[PDB]
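J.: Got a structure for you, questions after.
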Amino acid sequence: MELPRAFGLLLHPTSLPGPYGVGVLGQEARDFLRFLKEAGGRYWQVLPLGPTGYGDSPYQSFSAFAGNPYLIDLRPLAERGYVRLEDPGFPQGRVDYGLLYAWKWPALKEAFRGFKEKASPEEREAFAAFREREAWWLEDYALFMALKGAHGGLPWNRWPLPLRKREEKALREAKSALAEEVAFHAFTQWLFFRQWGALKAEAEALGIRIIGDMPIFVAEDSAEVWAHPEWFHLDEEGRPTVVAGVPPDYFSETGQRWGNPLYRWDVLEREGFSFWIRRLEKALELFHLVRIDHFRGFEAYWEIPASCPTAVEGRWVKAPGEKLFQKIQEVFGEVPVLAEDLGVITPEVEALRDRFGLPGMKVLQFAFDXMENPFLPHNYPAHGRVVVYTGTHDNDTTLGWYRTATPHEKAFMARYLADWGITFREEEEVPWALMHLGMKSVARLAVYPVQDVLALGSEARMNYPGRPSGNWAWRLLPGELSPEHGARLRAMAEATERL
Ligand SMILES: *[C@@H]1O[C@H](CO)[C@@H](O[C@H]2O[C@H](C)[C@@H](N[C@H]3C=C(CO)[C@@H](O)[C@H](O)[C@H]3O)[C@H](O)[C@H]2O)[C@H](O)[C@H]1O
């Protein structure tokens, strides 16, 4: 990939303003892309776009391939008379996922029945054609979701054995009995990918590239794990014997026990890494580049015994990252991947990243707690093949972070900024001071969360890791991101050779 010198904004589509309880792939999404282009921005970064479960996290999806039905704009379906929409009373500035769950799933199901009643033959055949095209993952995903309604929302590895173990007759009978439910889930997928495609075409017409994201590890309770248990370290009952995480750190005392199933990489290699090829293909249908979270896991991963309640016990296990990425380069002709390389990284990880020319990340909130700090701009690679952020979706807003930062951090930050000619008078100005610093740097891409453009405090934090609740909920208000915000971003980009 060739990275131009430019800037972008980080905004998950759920955070878009608009009616009916969550950001969707419609007019407000187009309005945001127009805002971004007029601000001089060339990149729009989102988080993973798959269907979510308990905790609402984009990084723990029911499928590695599916799209999130919550992002479906219902207004076009209402225009065709498929459904009547009535706002139940959604809050301002945040997603209420309980109310969204209770109101949007039934609205989608009503819209599906309306479509079955009133759709033209053309629409019906286009929907059937989509199903045929995507069957290699969609048949499993749709049946997986349908079976949740037959089994009280249980995960797949708690279903009756004939279904859990995917016996041929059990599946055939399930598919016939749940034909309507299967079709409904296929329908949500058809709509998602249709609406995303339209939005991607609009971005492309405006000169904007979309940066997507995926977790290296998939979710325990997902259609692909169910369909391919041999690829994972599961016991005979389909439960993980070991799980993903990271060991104790400078930051974390016990580390993080993520709980994801771990790949049997030997099995994936023997199978030709088809899972990874398909995942990247699917990513590249939606995005122009894709970040992979926990990129270091391609070189080695921390294996936690499933019986351990923390991440303290375990061992590092090597993974065939070099072989995988050689195959990717060979078969795609390029590797349009961004490496999430935060936390503790080794020379082996850096070499893998650099062998394939993958841009890494830099986070300015991490730069001020100790002049050799790699997150300080003067320490960035001479080539500048990195993406600089003030913070990611995992960090507090920059104003939130500043308000809780240590005395030594605050003092060093102020002096370092002054060394770059940047000064500020009030704490609410710190987000823009740090955005300016990132734009002055050699980093090819500077990408900022929209909360920092707005200089919002901790209430607008997208995710607080560890905390299982309150996350992924921040939304823009209508008109909050103003033309003056866009003019300020454009001025900064023009001032730093990013336009
Ligand atoms: C990179 O990937 C991270 C790991 O998935 C992601 O973390 C967010 O999303 C997770 C799904 C969420 N919960 C898991 C973490 C645990 C402890 O660390 C377990 O207790 C839970 O059972 C897991 O489901 C994380 O808390 C959340 O931070 C990052 O957002 C992403 O950038």
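Throughout the sequence shown, residue numbering follows the deposited numbering, covering 1 to 370, 372 to 500 in sequence. Note that beta-carbon positions come from the ideal geometry of N, C-alpha and C, so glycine has one too.
1) Would you say the beta carbon of residue 294 is closer than 7 Å to some non-hydrogen atom of ligand 1?
2) Do residue 292 and residue 191 come within 8 Å of each other at the CB atom, strictly closer than that value?
3) Any idea which residues DSSP pairs residue 31 with across the strands?
4) Under 7 Å from any heavy atom of ligand 1, does the C-beta of residue 452 make it?
5) Considering only the alpha carbon of each residue, which of 159, 448, 286 lies closest to residue 3?
6) Let me check understanding here. Comparing Cα to Cα, which of 316, 328, 299, 246 lies closest to residue 309?
7) What would DSSP say about residue 45, mapped onto helix, strand or coil?
8) In chain order, what are the residue ranges of uninterrupted alpha helix (DSSP H) at least 4 long that sit wholly in the segment 78 to 166?
9) Per DSSP, residue 240 forms a beta bridge with which residues?
10) Whose C-beta lies closer than 7 Å to the C-beta of residue 28 among residues of the same chain, with five residues either side of it excluded?
11) I'd like to confirm the pairing. Which residues does DSSP put opposite residue 61 in its beta bridges?
12) Thinking C-beta only, is residue 107 closer than 8 Å to residue 143?
13) In the DSSP assignment, the beta strand (DSSP E) including residue 303 goes from what residue to what residue?
14) Excluding the five sequence neighbours on either side, which residues of its own chain have a C-beta within less than 6 Å of the C-beta of residue 265, listed in chain order?
15) Is residue 59 a contact residue of ligand 1, with contact defined as CB to any heavy atom under 7 Å?
16) Under 8 Å, do residue 340 and residue 295 count as touching if we go by C-beta distance?
17) Comparing alpha-carbon positions, which option in 37, 40, 14, 115 lies nearest residue 67?
18) In the DSSP output, what is residue 449 paired with across the bridge?
19) Mind checking whether residue 21 and residue 95 have CB atoms under 8 Å apart?
20) Do residue 344 and residue 249 come within 8 Å of each other at the CB atom, strictly closer than that value?
21) Quick test of the definition: if touching needs 3 or more C-beta pairs under 8 Å, does the segment 188 to 204 touch the segment 273 to 282?
22) Helix, strand or coil for residue 258 per DSSP?
23) Is residue 214 helix, strand or coil when you go by DSSP?
24) Applying the 10 Å Cβ sphere with the 16-neighbour rule, what's the burial state of residue 393?
T.: Well, looking at it:
1) yes
2) no
3) For residue 31, which the question treats as bridged, DSSP gives no partner whatsoever.
4) no
5) 448
6) Distance from the Cα of residue 309 is smallest, within the candidate group 316, 328, 299, 246, for 246.
7) strand
8) Those alpha helix (DSSP H) runs which fall completely within the segment 78 to 166 and span 4+ residues are 97 to 118, 121 to 133, 135 to 150, 161 to 164.
9) 234
10) If we look at residue 28 and ignore the five residues flanking it on each side, its Cβ neighbours are 16, 17, 18.
11) 52
12) No, the pair does not count as a contact, with Cβ atoms beyond the cut-off.
13) First-last of the beta strand (DSSP E) with residue 303: 300 to 305.
14) 319, 320
15) yes
16) In this structure, residue 295 lies closer than 8 Å to residue 340 by Cβ.
17) Minimum Cα distance to residue 67 is reached at 14.
18) 9
19) yes
20) yes
21) no
22) strand
23) strand
24) Around the CB of residue 393, 16 or more other CB atoms lie within 10 Å, so the residue is classed as buried.
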